[PDB]
């Protein structure tokens, strides 16, 4: 028979999750019916979650998405275990953003473009563009950054205001420290602000169809 389900659901009971949690989603955010949002997740105001995105906070938790951010088609957010079966927090898998602990922290005015992925432990600072098919894992991406399409940040801290060229896989802190800077003449210098404006308007337009 037809597959009947809820796409916004609590996470399952496991040895590291005694008490199930359901997503906390601002009334102004739009969650596409063909997106999936599971578990201990906070979604801020004016956020657009597109078809085929999967936000799954059932292993490492919590997963936060700030105000006016977007999670585009096929994007995945997931995280390594943050608390072991013996009730001990796995500090290496927990990110600290302003005195609060997260598995994945997506800041405000952040664009996660189509088919990208941010896997915890990870943090992405405000007004950053994570390009199409890009990857972030075990990293902290600063504010006002640009990850071009197919770039990746693994095990590093990307300083504020830097970009990663298309296709480059950054795996060492020495490499991350030498990334190029966003300047006004850089091709993606204005991309994130335009994308956030478009996506905040799409969230409202789609909300008016539900």
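Under this definition, the rigid core comprises the largest set of C-alpha atoms superposing within 1.5 Å between the forms. Residue numbers count along the first chain shown, from 1.
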- By Cα RMS to this form in 5 other deposited structures of this protein after fitting the core, the stretch ranking higher of 177 to 185 and 55 to 63 is 55 to 63
- On average, are the C-alpha B-factors higher in 90 to 98 or in 131 to 139? 90 to 98
- Determine, for stretches 2 to 10 and 201 to 209, which one has the higher mean CA B-factor as deposited. 2 to 10
- Options 32, 175, 58, 148 - largest CA temperature factor per the record: 175
- Item | Residue selected from 51, 39, 159, 44 by maximal Cα B factor | 159
- Item | Where the record places residue 73 (Cα B-factor, split into thirds across the chain) | lowest
- Note on the structure: Here the Cα B-factor of residue 154, set against its chain, lands in the third termed middle
- Task: Relative to the other modelled residues of the same chain, rank the CA B-factor of residue 112 and answer lowest, middle or highest third.
- Result: lowest
- Quick tally, chain-level thirds of C-alpha B-factors: residue 65 sits in the lowest
- Task: Quick one: classify residue 187 as lowest, middle or highest third of the chain based on its Cα B-factor.
- Result: highest
